[PDB]
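1. no sequence for this one, just the structure:
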């Protein structure tokens, strides 16, 4: 069950970790108007944990 999403451009109130098991970050900007963040897909993140 692969997942395509980045912590930066994720959803406020969630968490995203890498594939190897290295947590990226949590509690990021909201989807409505997120701060300076990338647009491409982040395959590094296995899945989100909300």
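-> It's in. Numbering: from 1, shown residues only.
2. only C-alpha atoms for contact and neighbour calcs from this point on.
-> Will do.
3. center of the chain, which residue is that?
-> Centroid-nearest residue in the chain: residue 7, 2.2 Å away (criterion: CA atoms, centre = their mean).
4. Excluding chain neighbours, give the residue nearest to that one in space.
-> In this structure, residue 7 finds its nearest non-sequential neighbour in residue 16, 5.5 Å apart by CA to CA, 6 or more residues apart in numbering.
5. who's in contact with that neighbour?
-> 6, 7, 23, 24, 25, 26, 45, 46, 47, 48, 49 (CA atoms under 8 Å, 6 or more residues apart in numbering).
6. From the chain's centroid, how far away is stretch 33-49?
-> Relative to its parent chain, stretch 33-49 has a centroid offset of 4 Å by CA atoms, centre = their mean, to the nearest Å.
7. buried stuff in it?
-> 42, 44, 45, 46, 47, 48 (16 or more other CA atoms under 10 Å).
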